[PDB]
Each structure stands twice: as structure tokens, then as C-alpha cells.
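Pasting in a structure now, in C-alpha cells, and then I'll have a few things to ask.
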There are 2 protein chains.
Amino acid sequence: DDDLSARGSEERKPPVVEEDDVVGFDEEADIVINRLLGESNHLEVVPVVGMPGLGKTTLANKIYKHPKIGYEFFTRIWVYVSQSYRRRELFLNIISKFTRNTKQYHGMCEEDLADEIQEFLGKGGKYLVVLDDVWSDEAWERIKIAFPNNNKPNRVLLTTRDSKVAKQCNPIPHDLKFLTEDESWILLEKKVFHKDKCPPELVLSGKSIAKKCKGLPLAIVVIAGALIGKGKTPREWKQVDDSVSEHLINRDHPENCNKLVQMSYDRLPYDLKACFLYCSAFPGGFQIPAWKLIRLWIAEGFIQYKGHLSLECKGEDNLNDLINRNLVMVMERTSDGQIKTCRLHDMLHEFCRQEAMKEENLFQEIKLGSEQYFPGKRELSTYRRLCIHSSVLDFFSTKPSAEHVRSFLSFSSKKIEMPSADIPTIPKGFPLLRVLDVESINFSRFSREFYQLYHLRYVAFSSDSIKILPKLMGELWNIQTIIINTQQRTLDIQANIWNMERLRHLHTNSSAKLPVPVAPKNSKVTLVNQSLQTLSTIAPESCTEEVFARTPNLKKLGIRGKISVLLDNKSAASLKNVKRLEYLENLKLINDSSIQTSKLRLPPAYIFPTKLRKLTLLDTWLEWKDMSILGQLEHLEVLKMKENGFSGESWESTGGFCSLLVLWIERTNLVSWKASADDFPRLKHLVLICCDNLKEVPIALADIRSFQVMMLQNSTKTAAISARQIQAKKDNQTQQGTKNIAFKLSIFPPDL
Amino acid sequence: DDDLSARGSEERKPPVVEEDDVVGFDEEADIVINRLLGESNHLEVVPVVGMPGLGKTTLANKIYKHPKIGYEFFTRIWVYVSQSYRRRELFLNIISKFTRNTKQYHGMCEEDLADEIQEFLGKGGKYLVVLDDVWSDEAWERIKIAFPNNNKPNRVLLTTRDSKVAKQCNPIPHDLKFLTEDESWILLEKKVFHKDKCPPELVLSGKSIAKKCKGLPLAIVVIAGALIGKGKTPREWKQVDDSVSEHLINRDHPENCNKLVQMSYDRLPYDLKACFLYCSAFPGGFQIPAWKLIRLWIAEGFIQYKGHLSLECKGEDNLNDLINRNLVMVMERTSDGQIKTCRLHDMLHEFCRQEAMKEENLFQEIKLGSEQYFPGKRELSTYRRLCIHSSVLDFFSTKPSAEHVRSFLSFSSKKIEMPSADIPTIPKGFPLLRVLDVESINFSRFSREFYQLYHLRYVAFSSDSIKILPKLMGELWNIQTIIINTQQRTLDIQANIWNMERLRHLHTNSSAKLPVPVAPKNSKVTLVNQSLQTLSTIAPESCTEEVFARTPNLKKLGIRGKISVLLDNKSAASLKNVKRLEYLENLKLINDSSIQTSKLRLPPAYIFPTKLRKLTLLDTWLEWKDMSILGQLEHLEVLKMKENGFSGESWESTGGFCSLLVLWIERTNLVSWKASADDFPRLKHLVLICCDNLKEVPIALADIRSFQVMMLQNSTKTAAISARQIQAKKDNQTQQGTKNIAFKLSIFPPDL
Ligand SMILES: O=P(O)(O)O[C@H]1[C@@H](OP(=O)(O)O)[C@@H](OP(=O)(O)O)[C@@H](OP(=O)(O)O)[C@@H](OP(=O)(O)O)[C@@H]1OP(=O)(O)O
Ligand SMILES: O=P(O)(O)O[C@H]1[C@H](OP(=O)(O)O)[C@H](OP(=O)(O)O)[C@@H](OP(=O)(O)O)[C@@H](OP(=O)(O)O)[C@H]1OP(=O)(O)O
Ligand SMILES: Nc1ncnc2c1ncn2[C@@H]1O[C@H](COP(=O)(O)OP(=O)(O)O)[C@@H](O)[C@H]1O
Ligand SMILES: Nc1ncnc2c1ncn2[C@@H]1O[C@H](COP(=O)(O)OP(=O)(O)O)[C@@H](O)[C@H]1O
């Protein structure tokens, strides 16, 4: 008899980078910048202090990516220090950012670990460090031992939310400023309407809203998301106005922000409402892989197929919507421009964890204080999903048991070996499992009970010693996604992939030798699966036309092993088979052999599928003359070569890359590059890493409109000079009135 | 120019059980026993409360062994609950009391583990359980889940030092009373003069001393220890009295007791002073094995060659003196009467640990509060010895590094597996290690660096998968003691045991096949070691005249494998070879085979060594006639058969066991035994386990004067009736007044 919100559903559009500028934060950035290099030849910290959600990390990032900072300091490191940081991993990451080899530093202790960072940071010159979210003095005191004072100016900028810690760091703390009402309205309007200005009738309500928030940017962001969610009518704006007035009666108290979030969370469609709380199953501050979160959504059953739109495409669309609402923060992006990593804001993570734990009983995490004890069987029976990120081996020593647990997730930081006597603890404890993400857990083997988990839907695991997948592994029919990581070079699959009815993905690091696909003699059914979309690394010998036949809709492919077999005339038909797969859009060719036993030549262009959009090559040692073949591809859009992908000293672009957007060349011995503006009409991003041997970059690239961003790392001085000429040329073109997209140039070593 | 305490050193004599009776505590014992059957068909607790060292444990143990308690309750369990108790091990031990095989319980959870105990006590009926040293209320609440409230008259008796927990467990705690002045004097006299009476001259002094102890038995006993250390002269007693009055002005301060202990510690000779404090390296409340502790003293170098006594004998004498002074209390004793296990009292343990860690810097213990962090490299550099009993894997993940560490020992009840990545951590850290006890830690392998560490002197370790000892393991020249535990049935020694000159004792839990002794071709030196004292479990095939020739100082020999190979005279002469050992006290034979493929016959008497005093047979399945040969042996004093070592339905006593003092028979098929008093003149203790078939026990054995203690477990009711007839004859002896120690008969089931 009663119904509300009766309306149709419209389209939601892609999340292109926007509002890259920070509103009004530049003055604070400049005042902070002034205190940098205040006293040469000394190490000092610059505290930044304020309440959560105010914009401290936005300022820190704006400074860290400022031009003057990059020019002044050759070395710069960004490190995250959470509430629950760990020092050894932090030092490993710091050392890794500089070093190239991982083995040397692993056997060392944290003090000898700090000494290497000391020398590394000291040698170059001036260095600027950034510390995010430091909670206690002891954290800073323990961390700082790594930072050396090498008689030259070196600075560190740290952000914290408590006044006492900042007092201890420096006698005088820097205190951030709340936005003025005009700035509040400007930010709200820019976020809600993007380029377009606010309609006159909506202006009066928008001004009142901006004013209530009090100038805390996070509240303005959340309210803007809610406003775009609702739709634009004067009545709707009045309706949001009345509520925001109530919520913003007290502006400084914490819970108010939570209430605002609740508002934004209420309007969310019920499909996205579970996806949004699921993101908070991960640890606070964790960087979520986009593909792994979207796959964990389909297996949970949060995503429901509705017509033609694919489950994975739909899930990516959901993530784009969540980002657009400003609920999810986009940490990184791919070369394609698509999202790569994401995380939730601290306050939003708290809200989501509390809601999912208490109101909805979606999952529970087992976090133990020292006095506390691990729960017993009775309580665990009530749980539906588990999540253990802290000590889990101690949890499994208890020999837990729970029949009503369907999922288990463990996003540990380290990798933990499972004792041989505890391997059966997982299956026997949880025989009704649906998802099992234990990649941070290393399995020496699998007990027999792993093959009776008939309800398993997604599995990800890591095993150092695994070399053979038993036939029994193919018994389970429910699994839709599998991800495998193994240190062993060769993986032999004995489970029959083709009978498996559900799997929509397969992904491995090692090479995979598929069992030959044979139709049963007595069965009418044919083992063709429409659901499969990838085989990340199949062995070259397994690229037989039958195997390609079994996979109709693979939207991606990848081969690891010897590329010569497919390139060789005897087995050239093997590579020619790739023409069969129509859907292909992403092809990766990795080579592991370290001996250049012969030269390699690409077969003609028509062999490659028509849609191929992204291509990556590693250690193939191909001649730069073959680039014409890859140019003949009409759709190919991102091209990456790494670890000497193309070998040769002279390359002359011959055109063909009509629809290309990104070039990525890494660790090649090219010396002379020749090209014209018509070679790459549509290039946007250009990456050149460790090209220690190339004399010059074609100035013709300066004449191309799509060319937006350029990056050079560990390159020759002449290359940097040519890049600086290109920058000047594009600045002149933009100054000449042409509607040319803005040009940015970064040289990783600024002195090049 | 100044000297003091000039005197000669006199003998110290063995610590035989003495003052088994407790002074003036029978009142509380009968009060607690008066709570017996207070309200039938219900579960309740009896709290005992006081200050540390008052006598709560003594009173509880006196009640537990009381005849009335044993009669009323068939099932009785001792349980120790320290401050650092863990629930899971407690349940397993409780179940181990009832059932022989506990493998089914290992895969279970703690709640089902409690259910099994509850069913077991349901079978039992009336039951009294004792809990010692309960610190917190939550401890009692968590533990009590195991005890079934099945509407039976069952009791819990809990001892605690805190009033709050006692009152919460029961609103009427039993407040223990302080010993009176007369009882104080009598207790002091007993502890000092044992069965001898106090000389009149000292009497007054002792009385004063007793009155100054305030009725705290711990103070009285430690003071008696100090007095026995000083001597028995009036000046010594007066000095002790003055010092006691000096150090015990106050009452409620626990540190006063510590001061008293300090007074005893100062007089202890400098040699014993290292031991006394070393004993505290073990975890608080740990049940220290005697052989392990003594050999640790040997390896560390505290026990140095002085005189002619073997190092092991000197260590055993040291432990006996420590016990005599009442610093170390005796937990268990062997059948022959030697000490088996020991521990240190809580207050004395605290005193020793504080002194060792703070003043002498003998070692350091790493116990971490949750907020706390594991020490850094600088701090660890100043440590000479380490001991980790808490989480050690977390410590090793930090990759510690200290070059001045000479010992690393970790004692625990639960074994832990070492990750492969962590395996190299120990060797790199301690290239100068003098001793290593990682028996709780389990190694699948050892890193190559492990076999290089030449400083090691004692090694104890456990490995589940080890099957072969590599030749490199023989390189290490310093090791004096080795102890190995392996689950594998067969151990292959490839290190040249004879080349190694340092080793004094080798002990194993699995058959070891010795590399055949080879005399070096080019070396004048003979590979004969006088230091070696035993090979606990060698393979039968290893028994050879040459191997025995190598070792002339073996007091103990034990063999595990096929006994038939040696026993047959046609092939080889191994059991004839064992004759060539001048002095062999302990000989053990264990048969792996479960089939009587060949009947086994004992070689003649002249083959056995002259002095054999302890002999153990397991599954040998010899015939009762062969008893005569064992009877022909002259000096035999302890004899044990277990697991059907001697099988047959009829045994007629030949006689001649002139010197036998103890006879242990377990798992025998005998039904009838004929004996006369002259057959076993010197019997002291007789033990019968799980003899569900024997018809009767001989009446003549009751005529043996030396016969003191006899116990029957899981025996026939008719056997128990004959045993009660023997006990009635012993009561008749007591009525007569024969100068034979009073005889007590204990049966595991009272109803038998
Ligand atoms: O799948 P692609 O379109 O080919 O992108 C790949 C992929 O990352 P994403 O799937 O998240 O985009 C790689 O990871 P995997 O496919 O193996 O899982 C990743 O790293 P690896 O090639 O080492 O595996 C690589 O990034 P990078 O070039 O830094 O190595 C690159 O992602 P990007 O296009 O963002 O670089
Ligand atoms: O050495 P003890 O402390 O006296 O223990 C002895 C025996 O040793 P002995 O034959 O030298 O007396 C065994 O101890 P170890 O040989 O391993 O050192 C052990 O028997 P198992 O090792 O075969 O189990 C044990 O057995 P239990 O205590 O169960 O009777 C037995 O104890 P007793 O001292 O009472 O004879
Ligand atoms: N001046 C601003 N303009 C645009 N967005 C802002 C501004 N200040 C803050 N934000 C947004 O508010 C959110 C929370 O701010 P954040 O950077 O986390 O500050 P803090 O770390 O101090 O809470 C961020 O996602 C950021 O995008
Ligand atoms: N009547 C007695 N009361 C208490 N302790 C006694 C008595 N007689 C001897 N002792 C000594 O007390 C020691 C153990 O008891 P103690 O630790 O003092 O009490 P509790 O363990 O209950 O605190 C034994 O070594 C024993 O020698």
C-alpha cells in the first residue's frame, strides 16, 4: 500500500581523473615549504596536526609531488606508517625502493638493515621523507634510526592527529585551517557539478549545506556524493538541507561524520550496499587489488548476472560507481587508465566494520588483546564468515571447529608457513567453505580433506614446493576462480580443466602444461566452456589448436617458456592458432631461458587476433625491424617491452601505430631512435626506464596532440635534454592558442 | 692478611626420604577431610588461602594421599595450575590419566576434549580433584568446564594465595593457620638433626630461632638448611639467631623471606652457587629432569674435575647436597631410590632468578609484554646466555644477532616446528655456542652452517623426519653429550663415533646402527675413548666384539631391535660379547618384533657381567625356568619385566635371588606362582601393573622382613584378596613388634 522512490535507473559514467587540484590547500603548502631547508646540514621534522578527515595527507602528497621539492632533493621516499605498522617490513620496503637485488638484505637484522638505508640515502645528497599517520612518540623514535644526518640538509614531513605527539616532535606544531564558507561552496559545487556551474535555484540550498559542514573537506565530499546520488530538484535539495542542518549542529564531535556517512550509505542500492561493506573485511589501510576484490565479489554471490553485461565488467562498473560516490579512494591507476588499487578512508573503514560486524552480521574478525583469549566453539558457530589478519598459526593450534563458517580470509603482511601437523585444521574445521584466500599462507602440501570441500567457489593459495596438481584437484565443480603462486619453474596440471563447468578464470605465475583436451569416447557432451576468460601463463607446447578450440571467449592470453617453439616454422602453426581466439585483447609473452640460442622473428600481423589492445613482451630479444608488424595491428593501444624486449641499436619508426596511446620501453640497448609525428598520432603516455644506451628522442614527438605525460628514468643526459626541448616546444604550442591537453614531464633523477 | 672460615671439607651424605610426616598440620587435614561428603550429589570447591610458603601445598598433598580419601573416591587427579597454565595441555593430561592411547584426542577441540573427561568421570563415580596455585577467577571458571556436575558427590580442592579468588570460588574459604612456637621448634629440630636428637647446648638457640620464624614453615626450613650448612656449634647457632632477628623485624613484607634465603645462599660454597642459580634458568614451576640438569652442569663447566669421582657422580652429589639443604624440593624418586625430578620453590626461584639476572649476569630471560618489543642488537650483545620459553618463532623471525651468546636453551611442554626459512637463523647467530637444547624445537633438516659450529659442548634436539646422520656431524670435536629423539624407526649413524674423543654419553630413542669401528691405518693412536659411559639404544647388529672393545667404561647398555639375532648362539656371539664389560650396572633389552618366530632362550649365567644391578626386559618372552639363571646372578638388586618380558602360565620359585631389593612385573600372563620366604630374602618394593590373569600372590613373600611397600594396579580381585592377606600378615608383624618398617598396601582401584 506504501511505496517510495519509484523511478527508473540511468547510466553511471566512467571515473576519469578530476579535481586533481586541491582547493585552497596551496597556502599551507607554501608556508610548510618555507620551513623546508630552514637550517642546512641537519635533520629535522615538520609536524602537521589536525583532526581526522581534515586534509593532512592531501597536503603531504601535494608537497611531495611539488616541482621545487623534486628539484631540491634527489632522493624522496613516501612511507605509510599505520597504527599497527611493522618496522622490519618498513625497512625492507625502504631498502627495496633504492636497491635492485632482494637476496642480500633478507638475511640481515633490522639494525644492519638500517645501516644500508643510511648509506644509500646519505650518498646522493639532500633527501626528503614523508611519514603518514604516526600515532605515538615511540613509533617515530624507533623509525628514525634509519634516517642519517650526512652534513647536508635533509628533511622529513610527518602527519599526525594528536597534539601531544606533535609537541614532542617539535616545540611548535603546524595546525591546519578549516575552509572558509566561500571555499566550502566552491569545493562543493566543483565536486557535485564537475565542470558545469550550479543551477541558480540549487545555489541557495548548496550554500547553506556547504556552510553547515563547517569547512571540514571530508564532510563536503560525502555530502556531495549523497547529493549526486539523490538527483537535482529544489525539493530534494531542501530535503538534504534540513537533515544536514541536524547532523552539523555540532561540527567538531567525531561521531557526526559517521552519521553523515550513514546518510550516504542509506541511498546506496542494495546490491552496492554489500559490496561497500565487504571492502572493509580487509585490514585498515590495506591496498586492495582491484581484480581480486571483484573476483571475491562474484564468488560471494554479491554480484548477480542480469542479461548480457558480464559479471566482471559489471563489477568493475560497481567499483567505478563506488569511487564516484567518493566512498572509495583510488590509490593507483594502470597505463590503460583503469583502476589498479583502492582503499577506504579511516572513518569510513570504522563505520563499515562496525555495521558489518554488528547490524548485518556479514562477517567477523578475531582480534585479540593480550589478556583476551581466542573464542570457543559455541560463539564461532554463529559466525558466517571469518577474517584473521593477526596471528593465525596460534589460532589454528587451538584446533578450532565451526560448521556454519563459509569463508576464510587472511591478508597477512608476512608469508607464514603452515606446520605439517596443522594442515588438516582448515578443512575439518570448515567443511562448508565457499571462499578460501590463503595466499599469505604457504602450504607444503594438501591433506586429503582439501578434496572434499565441495562448496568451494574461489581459491587462492601459495606453495613453494608444489610441482604437480593431482587429478583429484579437478573433482570440485563449484570453483569459479583459481589463482596459484609457486616458486617452482614448471607446473604440471593433471586435473582436467575442460570438464570443470564453473571456472571463469585461471591465473598462475609458473608455466602450465595443460593435459591434452580429449572428448570422451562414450559422451555426447563436448567440453567447451563459455565461462573461461584467461589462461595467464600456458606453456608454449600447450598452444595446440585443440586447446584453443576449447576456449571460445578468452579475453586475454599469456605464454611463458620458450617462444622459439611457436615462432619456429615446424610449430609456427602453434602461434598461428592464436588467430582462432576472436575475443583476445591482452597478450603477454614472457621468456625464461637466459641463453640467446637463436634469433626470433614474428610471423605476419594477420595472425594476431583483431581486437588485441594490450601487448607485453619480456626478454624476447626481438629485432627492432619487426616493430612494423606490431604497428600493423589496428586496435592495439598499450605496448610494453621489459628486460630487453627488443634487441638492437638503431630503430626507425615506420608508422602503423594508428590507435596507440602508451609506449613502455624498459632495459633495452637502443642507441638511435628515428620517427616522425605520423608514426604515433594518438600516443598519450611515454615511459622509458633504464635506457642507459640511447643517444636521442625524436623531436617529432613534440608535435603530437594526444602526447600528455612523459617520464624518463635512469636515462642518458642527451635524452633528458631532448625531453626538455620537447617540453618547451609543447609549451609553445599550448601558448599559441591550440586546444592542446596539458603537458607534464618527469625525470626520475632530476639532474639528468 | 685477613682470612675467615678456615676449616676442612667433610662428607655430605645421601638425601633419603625423611620427615615424611608434617608437623602440626593434621588438624587442617582432618578439617578438610571433614568437608568430605558435605552434601551428596553436587559439585563444590574447598578453597585454601594463605601467604606463600605457609604449607597449603603440603596440606593438600597430605589430604590427597589420606587413606579415607582414597577409599571414598576411586578416581583422584592431581593438577598443577601455575600463573602460566594453558587449558589444552591440562585436558590431555587429565585424559592420559584414564586411557593408555590418546591419539584420537589430539585432533579434537578443547570443548570435546572436556566432554571426554566428563564421560570418563561419569564412569568413575565419586571423584575428588585438586587444583594448585589458582591466581585468577577466570582461570577457575575456564578450567571448571571439564568437571561434570552429573549429580554425584564429587569435590574440588583448590589452593590459592589470594583471598578474592577463594571467596568467589566458595563463600567460605579455609584460612590456613600459622605454626605454633612448639611446633616451630619441633619442625626445626626435625629438619636439622633428621632422626638424631638436638644436642642440649644448642636447644635454647634453636628455640629462639624458631620463635623468630613466626610459624612460617618455609622460613624454618631454609634456616635449618643454613644451620646444616654452617655446622653444629653454639657459635654458629648464635650467629644465625642474631642474623635472623636482624632480618625478620617485619611480618607482612614478602621480601623478608627473600632476605632469609640470601642468608642461606651466601654460606653455600662457590661451586654450588653457580648450580643453585642455574637451576632457575628453567621456567618457573618446571619439572627438571635430573640427568638433563646434571649433564647441563657438566657441559657449562660448573662441575670441574676434582678428585677421582666421575663428573656425573659429582653432579649427582651436588644435587643431593642442594636437596639436603632444602633449597631444592624432590618431586619424584626412582624405583631404586635415586632422585628423578626436582624443582625450586616459588619464592626461592624468584630470589635466584633476580640474583642471576641482575647481580651475577649469569643469564637473561626474554619475556615480553604485549606493548613491549624484543630487545635490540646492542642489548643482546652484552648477554652471555639466553633462555626463551615464550614464543620463540616470533623472536627468530626478527633475525637476531649476538656474537657473545654462549648458550641457547628453550624449555617447554609443547614442541614447535621450525620453518625452513628460519632454520639458518640459529647457526648464524651463535657461531660461539657452547651448549644447545632445542628439544622442544623440531628440525626437518639442518643448514650446512650448523655442522661447522665447533664451540658446542652439549646438543639436544628433536627431529621427526631424520633418518640419516651425515658424516659432517662427526666433525665437531668439543661436544661431550648428545641426546637425540626421532620418530623414525631406524637411525643410521655415519659420523665416526670413535674418532670423537670428547663425548661422554650418547642417548637415543630409536635403533642406531653404529658405523663399524675401523682403526686408522696410518695413526699410532687407538680410537678408544675412556669417557663414553653408555649407548642407550643401539641396534642388535651393532653388537660386536670390536665395538665393545672400543668402549671399556660403559655402566649402561641398551639394545633395540631383533633380540633373536643376538640370542641365538649359532650366528655371531653378541650376547657372549656383552660379557666383555668390566662394570655394567644397567642393561636394557627391548624387542621390536611382535611375533615369536623363534623361541628365545637365555644364555648361561657366566655370560652376564658380575655387577649387573638393574635389568629391564621388554617383549623378550623368555621362559620362567630361565629365572634360575637370573637367580644365579649374585649382585642383582633391581629387576623389571614389562610387556610380557617373561611369559608363561606357571612359575615355580627356584630361589637364589639373595640380594634382590625390588621386583617389578608388568604385563605378564602368569596365573600361578609358588614361592618360599627364603627365595627372596631382601625384597623391599613389589610392583604389579595390568596383570588381569594371575590367580594369587604368594603368602611366603609376607615373611620377607625388608618387604615394605607393595602396589597393585588393574589386577584381579582374587589377586587383591591375596595381597590383602599379605597386608594382614604385615599388620600382624606390626602387632608383634618386629623391627621391620611398617607396611602399606596401595591399590589403584580400592574396590579390588
Ligand atoms: O593485466 P595487465 O593488463 O597485463 O596489467 C599488468 C598486471 O597488472 P594488472 O592486472 O593489475 O593490470 C601485472 O600483474 P599480473 O597480470 O601478473 O597479475 C602487473 O605486474 P606483473 O606483470 O609483474 O605481473 C603489471 O604491472 P607492472 O608493469 O608494474 O609489472 C601490469 O599492470 P600495469 O599495466 O598497471 O603495469
Ligand atoms: O633414568 P630414569 O630416570 O631412572 O628412568 C628410568 C629409565 O632409565 P634407567 O633404566 O637408567 O633407570 C628410563 O629412562 P631413560 O633410560 O630414557 O633415561 C625410562 O624408561 P623409558 O625411557 O623406556 O620410557 C623410565 O621409565 P618409567 O619412568 O616410565 O618407568 C625409568 O623410570 P624409573 O626410574 O622409575 O625406572
Ligand atoms: N581541499 C580539498 N579539495 C578536494 N578534496 C579534498 C580536500 N581536502 C580533502 N579532500 C578529500 O577529503 C578526503 C579526506 O581527506 P584526507 O586527505 O584523508 O585528510 P586526512 O588524512 O587529514 O583525513 C580525501 O579523500 C580527499 O580527496
Ligand atoms: N608442617 C609443615 N608445613 C609446611 N611445610 C613444611 C612442613 N614440614 C616441612 N615442610 C616443608 O615445606 C616445603 C613445601 O611446603 P611450602 O612450600 O613451605 O608450603 P606451600 O607449598 O603450601 O606454600 C617442603 O620442602 C617441606 O620440607
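With ideal geometry, Cβ positions are generated from the backbone for all residues, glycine too; neighbour counts draw on all protein chains shown. Derivation of every value follows stated rules applied to the coordinates shown; laboratory data play no part.
For segment B:331-364 and segment A:240-302, what is the centre-to-centre distance using only Cα atoms, to the nearest Å?
Their Cα centres are 59 Å away from one another.
Let me ask something else. What's the ranking of A:9-15, B:301-307 by average number of surrounding C-beta atoms within 10 Å, highest first?
Details: A:9-15: 10.0, B:301-307: 12.0.
Put in order of decreasing packing, that is B:301-307, A:9-15.
Once the dipole of segment B:3-51 is set up with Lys and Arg at +1 and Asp and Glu at -1 on Cβ about the Cα centre, which of B:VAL22, B:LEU4, B:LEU36 lies farthest towards its positive end?
The one lying farthest along the dipole's positive direction is B:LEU4.
With both partners inside the protein assembly as shown, how many of the DSSP beta bridges are antiparallel, as a percent to the nearest 5? Don't skip to the answer; put the middle values down first.
On the way: 14 of 198 bridges.
Around 5 percent antiparallel, to the nearest 5.
Another one. Could you check how many percent of all C-alpha pairs in chain B are farther apart than 38 Å? Provide the component values of the computation, followed by the final result.
Details: 135628 of 282376 pairs.
Roughly 48 percent, once rounded to a whole number.
Regarding segment B:257-408, what are the three Cα extents along the principal axes, ordered largest first, in Å?
47, 35, 30
Specify which residue in the list A:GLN735, A:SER672, A:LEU701 is farthest towards the positive end of the charge dipole of segment A:636-752, using unit charges on the beta carbon of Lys, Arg (+1) and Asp, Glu (-1), about the Cα centre.
The residue sitting most towards the positive pole is A:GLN735.
Give the nm distances, rounded to one decimal, from B:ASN693 to the matching residue in every other copy, measuring between label points 7 Å along Cα toward the beta carbon; shortest first.
Nearest first, the other copies' label points are 8.7 nm away.
Put the label 7 Å from Cα along Cα→Cβ for B:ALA573; what are its distances to the other copies, in nanometres, shortest first?
Once sorted, the set of distances for B:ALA573 reads 7.9 nm.
Let me ask another. Roughly how many debye, to the nearest 20, is the charge dipole of segment A:181-267 about its Cα centre, given +1 on each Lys and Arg Cβ, -1 on each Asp and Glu Cβ, and no other charges? Write out the running numbers ahead of the final one.
Numbers: 15 positive and 13 negative charges, 45 e Å.
Once rounded to the nearest 20, the dipole reads 220 debye.
Express the relative contact order of chain B as a whole percentage, based on alpha carbon pairs under 8 Å and six or more residues apart in sequence. Show your work: numbers first, answer last.
Working: 1379 pairs, mean separation 41.6, N = 752.
Value for chain B: 6 percent.
Is segment B:270-360 best put as rounded, prolate or oblate by its Cα gyration tensor, with a ≥ b ≥ c the root eigenvalues, rounded for a/c under 1.5, and otherwise prolate when a/b is larger than b/c, oblate when not? If you can, show how the numbers build up before the last one.
Numbers: a/c = 1.91, a/b = 1.16, b/c = 1.65.
Oblate.
For segment B:181-267, rounded, prolate or oblate, judged on the Cα gyration tensor with a ≥ b ≥ c (square roots of eigenvalues), a/c < 1.5 rounded, else prolate if a/b > b/c? Walk me through the numbers on the way to the answer.
Values: a/c = 1.67, a/b = 1.38, b/c = 1.21.
Prolate, because a/c is 1.5 or more and a/b exceeds b/c.
Another question, then. When the dipole is taken about the Cα centre of segment A:613-752, and only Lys, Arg (+1) and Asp, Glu (-1) are charged at their Cβ, what size is it in debye, to the nearest 20?
On the way: 17 positive and 16 negative charges, 114 e Å.
In debye, rounded to 20, segment A:613-752 gives about 540.
Quick check on chain B: of the DSSP beta bridges with both residues there, what percent are antiparallel, nearest 5%? The partial results should precede the final answer.
Working: 7 of 100 bridges.
Bridges in chain B are about 5 percent antiparallel.
Report the closest approach of any chain A C-beta to the axis of the A-to-B rotation: residue and distance, in whole angstrom.
Result for the axis mapping A onto B: A:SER370, 2.
Can you list the chymotrypsin sites (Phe, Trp or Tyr not before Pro) in segment B:308-378 that are in a DSSP coil and have 13 or fewer other beta carbons within 10 angstrom?
Values: sites: B:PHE351, B:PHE363, B:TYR373; in loops: B:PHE363, B:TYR373.
Of the chymotrypsin sites (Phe, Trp or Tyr not before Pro), the ones in loops of segment B:308-378 whose Cβ has at most 13 other Cβ atoms within 10 Å are B:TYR373.
Right, next: Tell me whether segment B:372-411 comes out rounded, prolate or oblate; compute the Cα gyration tensor, take square roots of the eigenvalues as a ≥ b ≥ c, and use a/c under 1.5 as the rounded threshold. Show your work: numbers first, answer last.
Values: a/c = 1.80, a/b = 1.14, b/c = 1.58.
Oblate, since a/c reaches 1.5 and b/c is not below a/b.
Restricting everything to alpha-carbon atoms, can you work out Rg to Rh for segment A:390-498 with a Kirkwood hydrodynamic radius?
Numbers: Rg = 13.4 Å, Rh = 14.4 Å.
With Rg and the Kirkwood Rh in hand, the quotient comes to 0.93.
Now, a different point. Of the listed pairs A:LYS195/A:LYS340; B:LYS555/B:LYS611; A:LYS56/A:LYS212; A:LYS152/A:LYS717; B:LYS195/B:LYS232; B:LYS556/B:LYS579, which have alpha-carbon separations greater than 18 Å here?
Working: A:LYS195/A:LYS340 26 Å; B:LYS555/B:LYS611 10 Å; A:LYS56/A:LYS212 21 Å; A:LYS152/A:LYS717 25 Å; B:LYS195/B:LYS232 15 Å; B:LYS556/B:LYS579 13 Å.
Among A:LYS195/A:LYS340; B:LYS555/B:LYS611; A:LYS56/A:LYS212; A:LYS152/A:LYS717; B:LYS195/B:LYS232; B:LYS556/B:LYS579, the Cα-Cα distance tops 18 Å for A:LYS195/A:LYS340; A:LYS56/A:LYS212; A:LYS152/A:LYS717.
Can I ask one more? If we hang a label 7 Å off Cα along the beta carbon direction at A:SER659, how far is it from the matching labels on the other copies, in nm, shortest first?
10.3
Also: Can you compute the radius of gyration and Dmax for segment A:54-101, using only the Cα atoms, both in Å?
Answer for segment A:54-101, Rg first and Dmax second: 13.1, 39 Å.
Turning to a different aspect of this structure: Percent relative contact order of segment B:270-360, based on C-alpha pairs within less than 8 angstrom and at least six residues apart? Could you put the intermediate results ahead of the total?
Details: 90 pairs, mean separation 32.2, N = 91.
This gives 35 percent for segment B:270-360.
If you put +1 on each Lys and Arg Cβ and -1 on each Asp and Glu Cβ, how big is the dipole of the protein assembly as shown around its Cα centre, in Debye rounded to 20? Each step should come with its number before you reach the end.
Working: 206 positive and 186 negative charges, 716 e Å.
Using Cβ point charges on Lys, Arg, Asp and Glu, the protein assembly as shown gives about 3440 debye.
Relative contact order for segment B:181-267: what percent, with Cα pairs under 8 Å and sequence separation of 6 or more?
Values: 76 pairs, mean separation 27.6, N = 87.
Relative contact order for segment B:181-267 comes out at 32 percent.
Okay, next question. Three principal axis extents, largest first, for the C-alpha atoms of segment A:26-175, in Å?
44, 33, 24
Roughly how compact is the protein assembly as shown, stated as its Cα Rg over 2.2 N^0.38 Å to two decimals?
This ratio for the protein assembly as shown stands at 1.15.
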